[PDB]
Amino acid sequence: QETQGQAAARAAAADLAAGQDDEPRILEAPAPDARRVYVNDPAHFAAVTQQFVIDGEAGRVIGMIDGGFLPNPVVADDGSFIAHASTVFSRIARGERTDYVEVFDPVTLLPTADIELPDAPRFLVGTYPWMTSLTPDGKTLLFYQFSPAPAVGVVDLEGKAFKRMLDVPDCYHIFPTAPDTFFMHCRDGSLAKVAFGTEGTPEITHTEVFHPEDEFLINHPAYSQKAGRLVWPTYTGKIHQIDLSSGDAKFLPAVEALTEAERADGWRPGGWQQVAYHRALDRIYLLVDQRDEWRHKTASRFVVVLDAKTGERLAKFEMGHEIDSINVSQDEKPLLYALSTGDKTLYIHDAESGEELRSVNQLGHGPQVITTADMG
């Protein structure tokens, strides 16, 4: 009922009336918790960008981090830090390029490391969360390079130093499974396992091909490192699930997010981050709407929820806004976050009933990516 701005006015008038002094100072953000959510604004390709740190429970912006051109954010699942890989130029968008990793303290937001990446190795692309990734121990950051050829850069966060590039095959995305291992997705339809030591050529093993060439896997799969679970939709809403918890890829039976009836009536996923996964509950969430087949990047107004073990539909929500990306908090009674690029607003829903609880507006120019920590 009483908004934040109103309770703040009441508290200030009371301090003033009672003579309570307080020293103006720099605040610290509250402790990271299950309901902290990060919204990154790539700003429709602008040279500088912003990340908003939000308390999902209150619907309050609790801090911000500035980034450069198309930065990739990461958030340690244990809450111990955040970091990004970013890119700046000597004269705004022209001149000498510097790519770099910053690590920030999650309560003061101060940089605790600034690690330059030599030879401008970052992939500059509309933001894909799994193009820059932390190892489960939080000690290493892995980032993708596309030019001149696919490679993965190894950054030692513990020792604050760039280490080396690992050359890889025609592969995309980085799903780390151990301090020294990650999977990627190949053009040919297989996954590749990349094992790497401190020195030497990495060991690279391919799985069987798991999808045909005419089945299109989206740029925004969900990956739960603590579950070892990769959830990968196609353009039609067919959902691939790969279990990586044994250290090797085990392909689960594919599930359909949409019915035969709905598909023949033009229901298809669409958006940016189209899929979310809740580990404790073992549940997939998918942004869908009725759309032409080549309108796959447009907003969707509905979310379907399905059991990951059986593929049964658990719920279908009318969101009430044009939603581009979703994610969930990883606690019990999770929040379902539904970011609208066009409204620049984060709508915060109860994930079980789909009901809208609160919203956070004025999130930059074209916000697109939601990130949460899995602290459980």
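The numbering used is simple: start at 1 and walk along the sequence shown. We call the rigid core whatever largest set of C-alpha positions still superposes within 1.5 Å between the two forms.
Displacement analysis by core superposition in 8 other deposited structures of this protein ranks 194-202 above the other of 194-202 and 275-283 in root-mean-square C-alpha distance from the shown form. Higher mean CA temperature factor, per the PDB entry, when comparing 326-334 with 44-52: 326-334.
Taking only CA atoms, the mean B-factor in the PDB entry is higher for 273-281 than for the other of 273-281 and 92-100. Highest C-alpha temperature factor among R295, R122, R263, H84, as the PDB entry reports it: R263. Note on the listed residues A151, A254, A113, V155: the highest Cα temperature factor in the record is that of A254.
Per the deposited record, the Cα B-factor of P73 falls in the lowest third when ranked against the other modelled residues of its chain.
Per the PDB record, residue ranking by Cα B-factor puts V305 in the highest third of the chain. Annotation for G366: C-alpha temperature factor in the lowest third relative to the rest of the modelled chain, per the entry. When the modelled residues of the chain are ordered by C-alpha B-factor, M184 sits in the middle third. Annotation for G63: CA B-factor lies in the lowest third of the chain's modelled residues.
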